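Chemist: Following this message is one structure expressed as structure tokens.
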Amino acid sequence: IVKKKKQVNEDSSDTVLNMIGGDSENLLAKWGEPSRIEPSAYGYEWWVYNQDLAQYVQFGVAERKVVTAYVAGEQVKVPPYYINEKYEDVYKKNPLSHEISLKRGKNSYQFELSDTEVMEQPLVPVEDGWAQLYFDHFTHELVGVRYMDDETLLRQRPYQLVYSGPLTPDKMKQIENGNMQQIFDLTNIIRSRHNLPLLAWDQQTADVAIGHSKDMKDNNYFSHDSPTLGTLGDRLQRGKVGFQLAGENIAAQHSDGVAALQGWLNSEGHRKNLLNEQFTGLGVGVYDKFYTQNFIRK
Ligand SMILES: [Cl-]
Ligand SMILES: [Cl-]
Ligand SMILES: [Cl-]
Ligand SMILES: [Cl-]
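Here the sequence shown stands for residues 41 to 205, 212 to 344, where the numbers follow PDB author numbering.
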């Protein structure tokens, strides 16, 4: 199927960026009811629109105001850019800075981006806010856009920050569950982008992954091998998961699942698991800021 894209009139529909700063009633009117609503670790709730992977967007709502959004769908409008745009073309239209300065009240903040951050996830100012531009540095293409107001940027802290001067355990579990499903869906966006079959969610595998994330946090290590609970294979077997093949990606300390997954996409070893056509299933387990993907073939 090849559709005609002919156009003679400006499209009157609001963009994701146009929603930032507007109220939730406006978001509900323009976008409809989200698929899922789940808490974040930063005071906003995510309203997730994931039923069409080509249109994937999630909006963050705090006190009935839209404060952030993350765009992953290939067809979602992100002017002056487009999802898939080459880094050289993105830069040229608005050179990307290594330093970002802002103020709240009488305090001063200066983010210092590393050379890697400038190439993988630079920041550009937008009317009343910011856009974090997530790239796949191996293909040099724009793969996501995170819009944030000033308050959200300071909470997320995506880069090193120079400046002036309470979640319950059950809320934490809800936040972790959100990070797990976002990583899952956004991994399938990557699979689709790379012409690979999508992965099926496996709950028993996800439970194994959660246990690993918790073990790393509790026992102060970061490895595929648990000093007390063994290898990936040992863990999956213990969780009653049979498999023909397995793989694992681990991450720690990223702000959220979106950030962890972009770290994996931009690392050769982790990317190999994301792009392995042999895998059929995926369970994701998150415990605080420890994120684990367990991929399986069955
Ligand atoms: Cl038209
Ligand atoms: Cl759109
Ligand atoms: Cl991060
Ligand atoms: Cl690498």
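Just so it is clear, CB atoms sit at the ideal spot from N, CA and C, and this is done for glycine as well.
Given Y199, which residues of its chain have a CB within under 7 Å of its CB, disregarding the five upstream and five downstream residues?
Modeler: So the qualifying residues of the chain are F151, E152, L153, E157.
Chemist: Which partner residues does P79 have in the DSSP bridge list?
Modeler: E85, per the DSSP bridge assignment.
Chemist: Compute the distance between the beta-carbons of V97 and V111, then report whether it is under 8 Å.
Modeler: Cβ distance < 8 Å, so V97 and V111 count as in contact.
Chemist: When we look at the beta-carbon of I140 and count the other beta-carbons within 10 Å, is it buried (16 or more) or exposed?
Modeler: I140 should be labelled buried.
Chemist: In this structure, does DSSP put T338 in helix, strand or coil?
Modeler: Correct three-state label for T338: strand.
Chemist: So, under 8 Å CB-CB, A102 and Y84 are touching, yes? Tell me the CB distance rounded to an integer number of Å.
Modeler: Confirmed, Cβ separation roughly 4 Å.
Chemist: Tell me which residue opens and which closes the beta strand (DSSP E) that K143 is part of.
Modeler: Element bounds for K143: 139-144.
Chemist: What would DSSP say about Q308, mapped onto helix, strand or coil?
Modeler: Helix at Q308.
Chemist: Using 8 Å for Cβ pairs, my map puts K126 next to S64. What's the rounded Cβ distance?
Modeler: Not confirmed; about 35 Å, so no contact.
Chemist: Using the DSSP secondary-structure output, state which residues sit across from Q98 in a beta bridge.
Modeler: Per DSSP, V88, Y110.
Chemist: Going by the C-beta, is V88 closer than 7 Å to any heavy atom of ligand 2?
Modeler: False, no ligand heavy atom lies under 7 Å from that Cβ.
Chemist: Based on the DSSP secondary-structure assignment, which residues constitute the bridge partners of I296?
Modeler: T338, per the DSSP bridge assignment.
Chemist: Which two residues bound the contiguous alpha helix (DSSP H) that contains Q290?
Modeler: Looking at the DSSP string, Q290 is not in any alpha helix (DSSP H), and its letter there is neither H nor E.
Chemist: To test your reading of the DSSP string, which unbroken alpha helix (DSSP H) runs of 4 or more residues are found completely within the region 219-294?
Modeler: 249-264, 278-284, all fully within the region 219-294.
Chemist: Specify the secondary structure class of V158 as computed by DSSP and reduced to three states.
Modeler: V158: helix per DSSP, three-state reduction.
Chemist: Pull up the distance between the alpha-carbon of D264 and that of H270, whole angstroms please.
Modeler: Computed Cα separation, rounded: 15 Å.
Chemist: Suppose contacts are defined by Cβ-Cβ distances below 8 Å. Is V185 in contact with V130 by that definition?
Modeler: No, the Cβ-Cβ distance between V185 and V130 is not below 8 Å.
Chemist: Under the rule that 16 or more other beta-carbon atoms within 10 Å means buried, what is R239, buried or exposed?
Modeler: The residue in question, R239, is buried, as its Cβ has 16 or more Cβ neighbours within 10 Å.
Chemist: As a quick exercise: from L242, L291, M226, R284, pick the residue whose alpha carbon is nearest that of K335.
Modeler: Here the closest residue by C-alpha is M226.
Chemist: Quick one, are the C-beta atoms of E167 and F175 less than 8 Å apart?
Modeler: Their beta carbons are not under 8 Å apart, which means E167 does not touch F175 by this criterion.
Chemist: Less than 8 Å separating the beta-carbons of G315 and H258?
Modeler: No, the Cβ-Cβ distance between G315 and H258 is not below 8 Å.
Chemist: I'd like the span of the beta strand (DSSP E) that includes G331, first residue to last.
Modeler: Segment 327-333, the beta strand (DSSP E) holding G331.
Chemist: Excluding the five sequence neighbours on either side, which residues of its own chain have a C-beta within less than 7 Å of the C-beta of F230, listed in chain order?
Modeler: Taken in chain order, the residues that qualify are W247, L328, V330.
Chemist: Please work out which residues of its chain come closer than 8 Å, Cβ to Cβ, to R317, disregarding the five sequence neighbours upstream and downstream, and give them in chain order.
Modeler: If we look at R317 and ignore the five residues flanking it on each side, its Cβ neighbours are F178, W310, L311.
Chemist: If the criterion is Cβ atoms closer than 8 Å, does the pair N49 and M59 meet it?
Modeler: Their beta carbons are not under 8 Å apart, which means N49 does not touch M59 by this criterion.
Chemist: Pick helix, strand or coil for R104, following the three-state DSSP scheme.
Modeler: Three-state DSSP puts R104 in coil, outside helix and strand.
Chemist: Below 7 Å, is the gap between the Cβ of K45 and the nearest heavy atom of ligand 2?
Modeler: Because no heavy atom of ligand 2 lies under 7 Å away, the Cβ of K45 does not count as near it: no.
Chemist: Does DSSP put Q172 in a helix, a strand or coil?
Modeler: The answer is strand: DSSP assigns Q172 an E or B state.
Chemist: Can you give me the Cβ contacts of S80 inside the same chain, cut-off strictly under 8 Å, excluding the 5 residues immediately before and after it?
Modeler: The answer, listed in chain order, is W86, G100, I221, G224, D302.
Chemist: Inspect the beta-carbon positions of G205 and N124 and report whether they are closer than 8 Å.
Modeler: The answer is no: Cβ separation not under 8 Å.
Chemist: Assuming contact is defined by CB atoms lying nearer than 8 Å, are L291 and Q324 in contact in what I supplied?
Modeler: In contact: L291 and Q324 (Cβ atoms closer than 8 Å).
Chemist: If we ignore side chains and look at the alpha-carbon of each, how far apart do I296 and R76 end up?
Modeler: Computed Cα separation, rounded: 25 Å.
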